[PDB]
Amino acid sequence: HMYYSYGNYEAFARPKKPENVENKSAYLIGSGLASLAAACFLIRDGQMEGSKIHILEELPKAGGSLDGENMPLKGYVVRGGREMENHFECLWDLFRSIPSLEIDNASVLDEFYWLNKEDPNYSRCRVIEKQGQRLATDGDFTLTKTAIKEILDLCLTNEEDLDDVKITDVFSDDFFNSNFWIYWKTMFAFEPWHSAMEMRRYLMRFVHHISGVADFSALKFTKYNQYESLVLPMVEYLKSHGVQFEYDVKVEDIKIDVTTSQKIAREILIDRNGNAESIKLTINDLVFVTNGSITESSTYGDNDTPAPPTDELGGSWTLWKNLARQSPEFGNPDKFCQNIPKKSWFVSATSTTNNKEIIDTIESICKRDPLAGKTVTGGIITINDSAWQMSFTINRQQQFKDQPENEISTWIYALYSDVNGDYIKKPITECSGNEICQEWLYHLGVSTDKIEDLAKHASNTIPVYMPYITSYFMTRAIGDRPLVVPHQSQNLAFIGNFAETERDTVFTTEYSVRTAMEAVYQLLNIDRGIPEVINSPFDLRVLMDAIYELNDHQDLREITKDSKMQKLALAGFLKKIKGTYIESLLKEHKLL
């Protein structure tokens, strides 16, 4: 009930009012980015009455995983950071229509575009080691021929043949020893046991940005945290259109008839203010389920208390489990929320400080004044030789509108959770905020004498334990994620980064916007094209650049210089294409 498109024609075109939409209502389980984007699309393109749009949230506030607040009895905390790129096609379709809350007569897209042109993002230091020294080979990928061939063979493998395959199953030691693996696994938070299918999707989806993977030149960021820059403008727009925010309501089940001909949502069983109630649904009441959550059951610590580890299934995962009992076409949540290894990423941390010594130590590494208000680290700095495999970033300060001008807040995360640290020789899951800050300051090169004092009394570090933060990337098979609109579904859609759609990559905001938009368009039969995932993996020019970049800026003669079986094929093919447009294209892209 939809079609994919690309180009300006379908981008600038407005859809006609969908049929019978004046007699339809919408209920969105959750208030993360997916549900908010779907509500926005229901307003703009579906032309649905705002009062007929119900957003059900269990927390006190909207946003979801794009949070960012001065949590009372703690401090400033951002559960993550949002790297963004130009080719978030659906997200930019969305946010060009959302008024910015910072610039008059300007969209969120306008503010973002002008900002990332004023202060472009780039890293002057990406990988450090030995307590604050930049990696000597920072910039190069250092991939052997076997590692490059393994990358290509992963891309050349059909997705259908990658069910439950792990990343270590399709890569050997040269790849894991390469700088490429450092950059890739830290900027995308991949683990060695994660889904090779999703890694292949990532390789094909961002292949146009390989030249900017090491220096983060392809990344783009908002001014503030994603709650103030993305969530609040969207919420203001939706409220100005009368959208119905219902807070502190927990959905436990959705009664759905799965017949031989239809799948129809009949009832929303909810818990509002401790009272178990029911929402009866007709065929004209669409339900958008954000199945699963990476932030569910998050616990919080403080400067002197670790965030208590948990294995608790919340409302999101129990709701997906309850929906899976009604049809296998609704997915298998256990593949994502169970058997998460102990080593997996769990803990994030936000360390706030105004101390000049820490800020100056950061300036000495990132080469930029962290209080200047512009780019600081340009993205995560990775401590290569850290036992926790730790990375940290400082975005444009301050990430909060009402943060003091002399403060900075640093986001820290670790890929390995069950390993003794190098300074604090305990696993990160047993560390308070100041202890994470201590282990972090140790790798900055701070003198061991000052580390403990500067961490405990000069910094306020809030830690966060998310038991499902790596859940997106767990090894999966085709069918474990429900289709955005399952077969014969009449009024039920699955959105968010656990739904199934082609080619696009999860753990991205664009995936949420895409699933929201596809769900709305399919359920309402909106007569407008959906922007396909950008066609970079099919672009000959982009693939030529990929070959040039993966081989550390070498032409075809240098790549094949160490084998006769390579040299002969290259010479024959070159004579075959001599003096043609193919040769000119290869020369234009530095491959000849």
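The numbering used is simple: start at 1 and walk along the sequence shown.
Annotation for 276 to 284 versus 124 to 132: the higher mean temperature factor (C-alpha) is found in 276 to 284. Mean CA temperature factor is higher for 300 to 308 when stretches 300 to 308 and 499 to 507 are set side by side in the entry. In the PDB entry, the Cα temperature factor peaks, among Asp174, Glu518, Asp93, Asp119, at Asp174. Between the residues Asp248, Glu198, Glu111, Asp215, the entry's highest C-alpha temperature factor is the one at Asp248. Among all modelled residues in its chain, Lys450 ranks in the highest third by Cα B-factor.
Per the PDB record, residue ranking by Cα B-factor puts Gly46 in the middle third of the chain.
Residue-level temperature factors show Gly421 in the highest third of its chain, judged at the C-alpha atom.
In the deposited entry, the Cα temperature factor of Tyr202 sits in the bottom third of values across the chain's modelled residues. In the PDB entry, a CA B factor belonging to the highest third of its chain's modelled residues is recorded for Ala458.
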